[PDB]
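These notes concern the structure reproduced below.
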Amino acid sequence: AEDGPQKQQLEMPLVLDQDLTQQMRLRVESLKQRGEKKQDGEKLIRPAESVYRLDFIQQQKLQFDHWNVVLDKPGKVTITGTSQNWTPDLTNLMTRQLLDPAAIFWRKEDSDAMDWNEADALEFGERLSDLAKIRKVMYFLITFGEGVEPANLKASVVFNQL
Ligand SMILES: [Zn+2]
Ligand SMILES: [Zn+2]
Ligand SMILES: [Zn+2]
Ligand SMILES: [Zn+2]
Ligand SMILES: [Zn+2]
Ligand SMILES: [Zn+2]
């Protein structure tokens with residue numbers, strides 16, 4: 001197997017889930033509004049976090065090839081996955097449903113080139129292939145570091161068709 005471009009691939013984007021990202025925003029507010037307290041080991045979405053959705057156009061015969069994450073302005077972003085068992089409509093996201101490691105990308109003031117934590121990013125990347133089989137859709141929580149926003153990001157995953 002001599003790697004190259006001739007191989008067939010599938011790029012699947014991480015679309016911003018505004019409805020779901022909003023649902024979690026209320027939740028945090030509701031609890032302040034009602035001076036109420038959150039469940040045990042519950043994950044409350046933060047202002048710097050937004051929920052993203054990844055739709056697996058294919059589930060079988062997948063091999064993680066590489067992440068395709070680009071920031072158009074100097075900053076940092078963390079892509080953390082959620083359990084393929086987490087039912088966003090039925091239950092509140094629990095801290096234990098956040099996957100590890102998270103894939104972290106960044107760009108600096110003098111570079112137009114992205115750098116990241118290769119190891120962890122690959123670990124995470126590898127898992128995605130087997131997660132595609134649990135269910136057709138998957139969600140992630142993307143934490144935008146200071147200076148960046150959803151407008152500045154283009155995230156996707158490239159898989160090799162087997
Ligand atoms: Zn949605
Ligand atoms: Zn408690
Ligand atoms: Zn490649
Ligand atoms: Zn390759
Ligand atoms: Zn690890
Ligand atoms: Zn690590």
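Throughout, residue positions are numbered sequentially from 1 according to the sequence presented. Counting starts at 1 for both ligands and their atoms, following the listed order. In what follows, every heavy atom counts, from backbone to side chain, and hydrogens, waters and symmetry copies are set aside.
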Of all N/O/S atoms in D65, the name of the one nearest the Zn ion (ligand 3):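 Restricting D65 to its N, O and S atoms, the minimum distance to the Zn ion (ligand 3) goes to OD2.
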Those residues that, when tested against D115, pass side chain to side chain donor-acceptor pair (under 3.5 Å) (two or more places apart):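 For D115, no residue satisfies side chain to side chain donor-acceptor pair (under 3.5 Å) once neighbours in sequence are set aside.
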All salt bridge (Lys or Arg N to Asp or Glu O under 4.0 Å) counterparts of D120, not counting sequence neighbours: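 Not a single residue meets the salt bridge (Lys or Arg N to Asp or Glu O under 4.0 Å) criterion with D120.
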Presence of N, O or S from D3 under 2.8 Å of the Zn ion (ligand 3):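 For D3, the answer is no, given that no N, O or S atom comes within less than 2.8 Å of the Zn ion (ligand 3).
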Whether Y139 and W86 hold their rings parallel, tilted or perpendicular, with breakpoints at 30° and 60°: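 Plane angle over 60°, so perpendicular.
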Aromatic plane relationship, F105 with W67 - under 30° parallel, 30 to 60° tilted, over 60° perpendicular: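 Aromatic pair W67/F105 classed perpendicular.
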N, O or S atom within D120 nearest to the Zn ion (ligand 6), by name: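 Looking at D120, the N, O or S atom with the least distance to the Zn ion (ligand 6) is OD2.
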